[PDB]
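Okay, so here's just one chain, in C-alpha cells, the form deposited in one PDB entry.
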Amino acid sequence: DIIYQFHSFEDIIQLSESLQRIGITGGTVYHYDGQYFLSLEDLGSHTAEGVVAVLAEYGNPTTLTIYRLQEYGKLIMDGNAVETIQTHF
C-alpha cells in the first residue's frame, strides 16, 4: 500500500542502500509525469511505519494509485528495484 514519489531517481538510488540495509530487496519503480515512484509490497520483517519512515527520508508521499502508475506510468523496475540498483551502485 506504499508508494513514494521522488525528487530524482538518485533519491531512489540512495534510498536503495537503506532498503537493502533493512532487508527490503524488492520495490517497483515507476516513471510517471516526469517523476519516479517507488512502490513496495513486502516490508520484510518491518512494519509500515518503519519502512515509510525511511521512505520519507528520500521521497515524499504521493496520492497516486498503483493503478494510475501501472496503467499510465512507465515500469522501470518490477519487484527488484532495490536489488537492481544495489547491484550496480
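The numbering used is simple: start at 1 and walk along the sequence shown. Under this definition, the rigid core comprises the largest set of C-alpha atoms superposing within 1.5 Å between the forms.
In what follows, reference is made to the form deposited in another entry, a form of this protein that is not presented.
- With the core superposed, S45 shows a C-alpha displacement of at least 2 Å between the shown form and the other one.
- In that other deposited form, the separation between the C-alpha atoms of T84 and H46 grows by 3 Å or more relative to the displayed form.
- The pair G44 and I22 is at least 3 angstroms farther apart at the CA level in that other deposited form than in the present model.
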